[PDB]
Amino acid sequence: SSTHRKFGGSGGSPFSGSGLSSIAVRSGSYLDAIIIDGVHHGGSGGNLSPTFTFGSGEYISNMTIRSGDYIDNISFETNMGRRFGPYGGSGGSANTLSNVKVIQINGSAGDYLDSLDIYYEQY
């Protein structure tokens, strides 16, 4: 079994992540875009982060999202102890997925990343 949780506001066009082989973001004050398996969701503002490429057997085990009307910030840790971020600003409020396995990242995006809808197993 698994579950999901949504973060952020009501704007943007919905998207579905197509896998969890790599993640990058564009960010400034907010998350301008999330780039999942090379596929860009969001706008062209901000600056491009390095790409995080998951190794064999590697998955997101902890993730913190700051959000308000948009996604402000993302950070994550993997089951191999590697970290991504934080990227973004210090606005919004923080919520965390703790001791999980992320299986799919969906969301909604326009000029910014408005929302994330994270599907995961809770351990």
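Numbers follow the displayed sequence, beginning with 1.
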*87-95 versus 30-38 - greater average Cα B-factor per the deposited record*: 87-95
*Averaged over C-alpha atoms, is the B-factor higher for 8-16 or for 104-112 in this PDB entry?*
8-16
_Considering every modelled residue of the chain and its Cα B-factor in the PDB entry, is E77 in the lowest, middle or highest third?_
middle
*According to the PDB entry, is the CA B factor of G68 in the bottom, middle or top third of its chain, that is, lowest, middle or highest?*
highest
_Within-chain third of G57 by Cα B-factor, per the entry_ = highest
